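S.K.: Have a look at this fold, sequence not included:
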Ligand SMILES: O=C(O)[C@@H]1CCCC[C@@H]1COc1ccc(Cl)c(Cl)c1
């Protein structure tokens, strides 16, 4: 086993969101995509197989899937169709995901807190908090 497996692996459902529209504005997402994406209630499926972590997000808006090794950069196409270079590390028990594109950067942190998986998305001064619980 591993810390990663015990903390994050499973199937999670979105239960609350704060400031996600404002986060998406700051990222540069256009009006129509913000409206449809902001309505979504994704499930987050996290798995581990050896060194490879997979995070899948399934919703009525888009389905995404990333697979990666901690510390090792990869190319990602986000739900809003940005082509980013991503690096994900596990720092003090928090998954830290940095996306770089067009000279810009956003950081997504995933944390266990009580029975929740808390996602914090930061773009310059703007944070969105999205709370997931086990399905
Ligand atoms: O949907 C979620 O809770 C997940 C949470 C984890 C980070 C990824 C995503 C949030 O990030 C998004 C999702 C959709 C769009 Cl359109 C943009 Cl700009 C970002």
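M.R.: Looks like it arrived, so ask away. Residues are numbered from 1 along each chain as shown.
S.K.: Pairing partners for the spatially most central residue of the chain in the sheet, please.
M.R.: In the chain, the centroid-proximal residue (Cα atoms, centre = their mean) is residue 108; its distance is 5.7 Å. Beta bridges link residue 108 to residue 97, residue 121, judged by DSSP bridges.
S.K.: Likewise for residue 77?
M.R.: Bridge pairing for residue 77 - DSSP bridges - gives residue 83.
S.K.: what about the helices in this protein?
M.R.: Under the criterion DSSP state H, helices of the chain are mapped to 3-8, 20-27, 31-39.
S.K.: residues contacting the residue nearest to the centre of the chain?
M.R.: 96-97, 99, 119-122 (Cβ atoms under 8 Å, 6 or more residues apart in numbering). Any C-beta I mention is one placed from the backbone N, CA and C, and that applies to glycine too.
S.K.: Out of those, who's the most crowded?
M.R.: residue 121 (23 neighbours; other Cβ atoms under 10 Å).
S.K.: which residues does it contact?
M.R.: Here residue 121 is in contact with 20, 23, 106-108, 127-130 (Cβ under 8 Å, 6+ apart).
S.K.: cutoff 7 Å now
M.R.: By Cβ atoms under 7 Å, 6 or more residues apart in numbering, the contact set of residue 121 is 23, 106, 108, 127-128.
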